[PDB]
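J.:
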Amino acid sequence: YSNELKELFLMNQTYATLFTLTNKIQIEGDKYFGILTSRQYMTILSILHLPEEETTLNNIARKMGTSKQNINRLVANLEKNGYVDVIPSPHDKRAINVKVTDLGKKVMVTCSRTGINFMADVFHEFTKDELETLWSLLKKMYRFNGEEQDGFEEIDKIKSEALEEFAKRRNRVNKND
Amino acid sequence: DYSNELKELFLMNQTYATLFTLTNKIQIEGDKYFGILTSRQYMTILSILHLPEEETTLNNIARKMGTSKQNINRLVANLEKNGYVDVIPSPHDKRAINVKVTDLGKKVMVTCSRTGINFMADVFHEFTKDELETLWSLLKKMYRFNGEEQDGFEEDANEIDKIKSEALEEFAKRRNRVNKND
Ligand code: NA
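Taken in sequence, the protein lines are chains A and B.
In terms of UniProt numbering, the first sequence is residues 3 to 154, 164 to 188.
In terms of UniProt numbering, the second sequence is residues 2 to 159, 165 to 188.
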């Protein structure tokens with residue numbers, strides 16, 4: 003059974019590493035963002051990526067890979083902080099729609115800029131090839147049970172100083188003293 | 002002009018997005034498999050069992066889990082209320098604690114570990130050993146982006167009785183998808 007033991011060990015270690023990595027990346031992302039948590043940020047972004055009419059708890063839950071119950075708690079938190087407004091859905095009386103407010107959008111402009119520095123730092127050791135490989139393997143793991151990911164104008168909004176700072180942080184161009 | 006930078010940023014955004022939503026799904030799915038613990042509870046108890054008894058401080062457990070002291074304090078308080086751990090003073094520092102897994106905590110972990118093996122088979126059934134080595138390696142690389150490397154569970158490597171042999175047989179059959187038969 004040595005082949006089986008070695009496969010199991012490798013699976014255990016890959017799982018444990020996924021879990022502790024996401025813990026670390028969550029904590030680190032919260033420090034970068036500063037004014038939102040990573041979970042708040044990703045929930046607002048998920049809402050911005052849906053059509054207003056389709057911003058239901060179920061659709062938001064599917065986009066985030068999580069349960070309706072978790073999105074319900076997150077959305078109530080966003081509403082009490084004044085980041086979203088929650089109205090009844092016009093298609094279904096049991097469902098909701100979520101609109102991002104002016105405050106929400108303001109905080110997202112600030113967090114997106116910081117987000118660009120965070121991506122630069124997190125992936126500075128990766129080639130483009132290795133990122134594509136990582137992304138591909140994470141998508142394969144997603145569909146282990148038969149159900150596939152629902153992933154994520165926008166280009167024109169990124170200003171040239173952000174991309175300049177991104178290039179410098181990613182490439183470690185600076186000759187350190 | 003910044004087309005290359007935009008491309009790289011987009012790809013990093015998608016990888017991060019996919020990582021986040023994947024671990025959300027794996028957590029919910031792991032909760033369903035284990036049944037009598039959540040995944041977080043399970044991994045916290047396992048982190049405690051990989052540390053020496055005297056070095057089961059909040060800080061050391063946090064470091065093993067890749068999270069904060071405050072998050073471990075809440076997890077450990079939830080485990081204590083459930084009867085899975087006892088919390089006692091650290092003998093080496095008056096401020097610090099130690100955490101001991103109770104007999105009820107050990108029994109629940111034996112049940113969850115067995116289920117754990119079937120979960121691993123299912124989650125990774127499409128992966129070759131080589132893909133797993135590649136994924137693991139790339140996850141370790143991302144971990145150390147800030148200069149701090151992972152403090153992992155790799156000391157698991159360094165007696166197969168009948169019960170273990172049956173668990174390993176079920177593992178191989180699940181992994182190789184001998185059902186979808188009819
Ligand atoms: Na974004």
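For each residue, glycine too, the CB sits at the ideal point set by N, CA and C.
(1) Can you name, in chain order, every residue of its own chain whose Cβ lies under 8 Å from the Cβ of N74 of chain A, other than the five neighbours on each side?
(2) Would you mind stating whether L140 of chain B and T19 of chain A have Cβ atoms separated by less than 7 Å?
(3) Just to confirm my understanding: we take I62 of chain A, look at its own chain, exclude 5 residues before and 5 after, and list those with CB closer than 8 Å. What are they?
(4) By Cβ distance, which residues of its chain are closer than 7 Å to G31 of chain A, with the 5 residues on each side in sequence left out?
(5) Quick one: which chain B residues come within Cβ less than 8 Å of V124 of chain A?
(6) Please list the terminal residues of the continuous beta strand (DSSP E) segment that includes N99 of chain A.
(7) Contact criterion: CB-CB distance below 7 Å. Does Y3 of chain A meet it with respect to chain E?
(8) Counting only C-beta atoms, is residue 1 of chain B closer than 7 Å to chain A at any point?
(9) Residues of chain B with a CB under 7 Å from the CB of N25 of chain A: which are they?
(10) Could you tell me whether the Cβ of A173 of chain B comes closer than 7 Å to any Cβ of chain A?
(11) Does the Cβ-Cβ distance between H126 of chain B and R183 of chain B come in under 7 Å?
(12) What is the DSSP secondary structure of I27 of chain B, reduced to helix, strand or coil?
(13) With a threshold of 6 Å on Cβ separation, who are the neighbours of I27 of chain A within its own chain once the five nearest residues in sequence on each side are excluded?
(14) Indicate the three-state DSSP secondary structure (helix, strand or coil) for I166 of chain A in the structure shown.
(15) How should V111 of chain B be labelled, buried or exposed, when 16 other C-beta atoms within 10 angstroms of its C-beta is the threshold for buried?
(16) So the alpha helix (DSSP H) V77 of chain A belongs to, where does it begin and stop?
(17) If you draw a straight line from the C-alpha of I89 of chain B to the C-alpha of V109 of chain B, how long is it?
(18) Might you give, ordered along the chain, the residues of its own chain that have their beta carbon closer than 8 Å to the beta carbon of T116 of chain A, omitting 5 neighbours on each side?
(19) Counting only beta-carbon atoms, is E127 of chain A nearer than 7 Å to chain B?
(20) Which residues does DSSP list as the beta-bridge partners of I89 of chain B?
(21) Is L50 of chain B close to chain A? Criterion is C-beta to C-beta, closer than 7 Å.
(22) Kindly indicate if chain A contains any beta-carbon less than 7 Å away from that of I29 of chain B.
(23) Please list the terminal residues of the continuous alpha helix (DSSP H) segment that includes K130 of chain B.
(24) Select from A:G148, A:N185 and A:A178 the residue whose C-alpha is nearest the C-alpha of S4 of chain B.
(25) Give the single residue among B:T24, B:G84 and B:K82 whose Cα lies nearest to the Cα of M66 of chain A.
(26) Taking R41 of chain A as part of the alpha helix (DSSP H), name the residues at either end of that continuous run.
(27) Verify the CB distance criterion: does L80 of chain A have a CB-CB separation below 7 Å to chain B?
(28) How about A63 of chain A: is its C-beta nearer than 7 Å to some C-beta of chain B?
(29) Comparing C-alpha positions only, which one of B:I98, B:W137, B:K170 and B:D167 sits nearest to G153 of chain B?
(30) If you run the structure through DSSP and keep just helix, strand and coil, what is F125 of chain B?
(31) So what does DSSP say about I37 of chain B, is it helix, strand or coil?
(32) Taking only beta-carbon atoms, is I166 of chain B less than 7 Å away from chain A?
(33) Three-state secondary structure (DSSP) at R180 of chain A?
(34) To the nearest angstrom, report how far apart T22 of chain A and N14 of chain A are at their CA atoms.
(35) Which residues in chain A sit within 8 Å of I118 of chain B, going by Cβ to Cβ distance?
T.: Reading from the atomic positions:
(1) Numbered from 1 along the first sequence, position 72 holds the residue referred to as residue 74 of chain A. For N74 of chain A, where only same-chain residues beyond five positions count, the Cβ hits under 8 Å are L59.
(2) The residue labelled residue 140 of chain B in the question sits at position 139 within the second sequence. The residue labelled residue 19 of chain A in the question sits at position 17 within the first sequence. A contact, by the Cβ cut-off of 7 Å.
(3) If you number the first sequence from 1, residue 62 of chain A lands on position 60. Correct list, in chain order: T45, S48, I49, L52, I73, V77 and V100.
(4) Sequence index remark: in the first sequence, residue 31 of chain A carries index 29 (1-based). So the qualifying residues of the chain are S40 and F120.
(5) Taking the first sequence and counting its residues from 1, the one referred to as residue 124 of chain A is at position 122. Residues of chain B passing the Cβ test: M13, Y17, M143 and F146.
(6) The sequence position of residue 99 of chain A within the first sequence is 97, counting from 1. Residues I98 to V102.
(7) This model lacks chain E altogether; the protein chains it does include are A and B.
(8) Outside the modelled stretch of chain B, which goes from 2 to 188, sits residue 1 of chain B, for which no answer is possible.
(9) Working through the first sequence from its first residue, we reach residue 25 of chain A at position 23. Among the residues of chain B, those whose CB is under 7 Å from the CB of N25 of chain A are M66, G67 and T68, following chain order.
(10) Here the question's residue 173 of chain B lines up with position 167 in the second sequence. No, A173 of chain B does not count as interfacial toward chain A.
(11) As a working mapping, residue 126 of chain B is identified with position 125 in the second sequence. As a working mapping, residue 183 of chain B is identified with position 177 in the second sequence. Taking 7 Å as the Cβ cut-off, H126 of chain B and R183 of chain B qualify as a contacting pair.
(12) Here residue 27 of chain B refers to the residue found at position 26 when the second sequence is read from its first residue. For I27 of chain B, the secondary structure class from DSSP, reduced to helix, strand or coil, is helix.
(13) Residue 27 of chain A sits at position 25 when you count from the first residue of the first sequence. Listed in chain order, the non-local C-beta contacts of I27 of chain A below 6 Å within the same chain number zero, local neighbours out to five positions each way being set aside.
(14) Mapped onto the first sequence, residue 166 of chain A falls at position 155. In the structure shown, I166 of chain A sits in coil (DSSP, three-state: anything other than H, G, I, E or B).
(15) For this step, residue 111 of chain B is matched to residue 110 along the second sequence. Around the Cβ of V111 of chain B, a 10 Å sphere holds fewer than 16 other Cβ atoms; the residue is exposed.
(16) If you number the first sequence from 1, residue 77 of chain A lands on position 75. Here the alpha helix (DSSP H) through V77 of chain A covers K70 to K82.
(17) Here residue 89 of chain B is taken as the residue at index 88 of the second sequence, counted from 1. Here residue 109 of chain B is taken as the residue at index 108 of the second sequence, counted from 1. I89 of chain B and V109 of chain B: Cα-Cα distance of roughly 21 Å.
(18) As a first step, residue 116 of chain A must be located in the first sequence, where it is residue number 114. For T116 of chain A, where only same-chain residues beyond five positions count, the Cβ hits under 8 Å are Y34, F35 and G36.
(19) The sequence position of residue 127 of chain A within the first sequence is 125, counting from 1. Yes, its Cβ sits closer than 7 Å to a Cβ of chain B.
(20) Reading the second sequence from its first residue, position 88 is the one you call residue 89 of chain B. DSSP lists B:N99 as partners of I89 of chain B.
(21) As a first step, residue 50 of chain B must be located in the second sequence, where it is residue number 49. Answer no: the Cβ-Cβ gap between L50 of chain B and chain A never drops below 7 Å.
(22) Here residue 29 of chain B corresponds to residue number 28 of the second sequence, with the count starting at 1. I29 of chain B counts as touching chain A.
(23) Locating residue 130 of chain B in the second sequence gives position 129, counting from the first residue. For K130 of chain B, the uninterrupted alpha helix (DSSP H) segment begins and ends at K130 to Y144.
(24) Translated into the one-based positions of the second sequence, residue 4 of chain B becomes position 3. Here the closest residue by C-alpha is A:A178.
(25) Here residue 66 of chain A corresponds to residue number 64 of the first sequence, with the count starting at 1. Considering only alpha carbons, the answer is B:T24.
(26) The residue you call residue 41 of chain A lines up with position 39 of the first sequence. Boundaries of the alpha helix (DSSP H) harbouring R41 of chain A: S40 to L50, taken from the DSSP string.
(27) Taking the first sequence and counting its residues from 1, one reaches residue 80 of chain A at position 78. At a cut-off of 7 Å between C-beta atoms, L80 of chain A does not count as an interface residue with respect to chain B.
(28) In the first sequence, residue 63 of chain A corresponds to position 61, counting from 1. By this cut-off, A63 of chain A is not an interface position.
(29) Reading the second sequence from its first residue, position 152 is the one you call residue 153 of chain B. The shortest C-alpha separation from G153 of chain B is found at B:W137.
(30) Within the second sequence, the letter at position 124 stands for residue 125 of chain B. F125 of chain B falls in the coil class under three-state DSSP.
(31) Translated into the one-based positions of the second sequence, residue 37 of chain B becomes position 36. Correct three-state label for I37 of chain B: coil.
(32) Counting from 1 along the second sequence, the entry for residue 166 of chain B is found at position 160. By this cut-off, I166 of chain B is an interface position.
(33) Numbered from 1 along the first sequence, position 169 holds the residue referred to as residue 180 of chain A. In the structure shown, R180 of chain A sits in a helix (DSSP, three-state: H, G or I).
(34) One-based indexing of the first sequence puts residue 22 of chain A at position 20. One-based indexing of the first sequence puts residue 14 of chain A at position 12. If you take the alpha carbons of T22 of chain A and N14 of chain A, they lie about 12 Å apart.
(35) In the second sequence, counting from the first residue as 1, residue 118 of chain B sits at position 117. Chain-ordered, the chain A residues with CB closer than 8 Å to the CB of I118 of chain B read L10.
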